[PDB]
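Contents: one structure, followed by commentary.
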Amino acid sequence: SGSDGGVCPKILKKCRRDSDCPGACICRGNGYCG
């Protein structure tokens, strides 16, 4: 979850790229949603 579009619920779902996460989420450096 970030800002100005970066909005995400709980993060515990892996992500390859930012849009790999469901919702308006992005991807953290830990290899999971943000």
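Identifiers in the structure tokens: chain A, B, ... in order shown; residue index from 1 per chain; ligand index from 1 in order shown.
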
> Residues of chain A in strand (DSSP E or B) according to DSSP, as a ChimeraX atom specification?
Replying inline: /A:14,27,32-33

Let's have the selection written as an mmCIF file, in the first residue's frame, with N, CA and C atoms.
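Once written, selection-v8.cif looks like this:
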data_model
loop_
_atom_site.group_PDB
_atom_site.id
_atom_site.type_symbol
_atom_site.label_atom_id
_atom_site.label_comp_id
_atom_site.auth_asym_id
_atom_site.auth_seq_id
_atom_site.Cartn_x
_atom_site.Cartn_y
_atom_site.Cartn_z
ATOM 1 N N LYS A 14 1.904 -12.984 -2.175
ATOM 2 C CA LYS A 14 3.111 -12.650 -2.988
ATOM 3 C C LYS A 14 2.775 -11.902 -4.275
ATOM 4 N N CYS A 27 3.563 -3.592 -5.254
ATOM 5 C CA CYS A 27 4.390 -4.688 -4.654
ATOM 6 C C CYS A 27 5.587 -4.189 -3.849
ATOM 7 N N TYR A 32 5.918 -9.330 -1.516
ATOM 8 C CA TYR A 32 4.452 -9.417 -1.219
ATOM 9 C C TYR A 32 3.801 -8.055 -1.435
ATOM 10 N N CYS A 33 2.507 -8.119 -1.609
ATOM 11 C CA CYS A 33 1.639 -6.916 -1.836
ATOM 12 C C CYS A 33 1.997 -5.690 -0.968
#

> Got a sec: who's within 9 Å of residue 24 (chain A), counting only C-alpha atoms, leaving out chain neighbours fewer than 2 positions off, as a list in words?
Replying inline: residues 1, 5, 6, 7, 8, 19, 21, 22 and 26 of chain A
